[PDB]
């Protein structure tokens, strides 16, 4: 009790050095995040102009689509396998480990590798996101300034590393809240106390977000408009949807883990077969990125279309099935790029699909399938990555439909609950475990 009384009176006094440095960490991460985003776009853009150059000869056209993405993919697979192996996959499990002081933060290597390697895989039009990359980039940047300014202590090492990855997520989704929430729901040391200053994470998240706003304002990543409200006698439909996500979550989790194994056998661990396999996958995506764009790329483009109920039921099933395939191929291959974002598109489609059935089964509820897309958007997050509070707040920050806060919270919680009860695990924790154990195996 005596200690507590002392501690209470000393609560919320973060070292000003840690606060000021958090501001610079955020700023750099923001700018870096912007530069990454502009870069990816530029490359996808050039590929488009190349397809126009040869818009006539379909075979030739179907070739340079493959090659441009193949070459770009290989360049990314190489930069990872050669200079920074830790920069494979999302990057979140890695930074998560670094917070437990169980993985190293080699910023001198990861920063250029992830930035340029990711620039290739993403820009090639592979099914990967910016979230993971920017989060790892964010942490390394946070690590970088810690080193440069020689800030000593556990608090500083844990804080600056945290604000960086937070400000990294924020600047990748224009979601400041979701960024801060992700650090304290998933990223932080989950099994012990930590000296991460929340006030400091805030400051970093602000600056990076502000940086994003200077280069991206007036345009939202996802525009959905304002949808209809959700009656109380309609809420049970959302609990059901969450249950469906809840049982598919772990299954999808087994696949991404298992497909890592299968894809490993193809190259054995060899830098040549791996990069070659990489160009094969990347080439496939660039090909799909022309013959069926919905089956490739980030997937942010089909989200508003799905929510507006413009896809037919058949097209939705196609897109979902196809994108399960092309997501696993791209992420389980070890290519630099997160799976966080592509799960938004997966959830949105599964949600809309559910809404379509809900619309015709109960005309008395006067439903709109779009409300189920929004409920399902962060559901696969809630089910597979198991961070529902972050997913919900993220989806809210991106869709601005707060009147669906109850359906969203219900669907998400129904996802996590059923994921737990069917023996699934947090993917980022199940991956860090994979790596950490393999390290002492």
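Positions refer to the first chain, counted from 1.
Higher mean CA temperature factor, per the PDB entry, when comparing 37-45 with 401-409: 37-45.
For the two regions 67-75 and 128-136, the entry's Cα B-factors average higher over 67-75.
Across 207, 281, 227, 344, the greatest Cα temperature factor reported in the deposited entry is at 281.
When the C-alpha B factors of 237, 171, 145, 322 are read from the deposited coordinates, the top value falls at 145. For residue 430, the recorded CA B-factor ranks within the lowest third of the chain. Only modelled residues enter the ranking. Remark: residue 194 belongs to the highest third of its chain, ranked by C-alpha B-factor as recorded.
Sorting the modelled residues of the chain by their CA temperature factor places residue 233 in the lowest third. Annotation for residue 304: C-alpha temperature factor in the middle third relative to the rest of the modelled chain, per the entry.
Ranked by Cα temperature factor within the chain, residue 154 sits in the highest third according to the deposited record.
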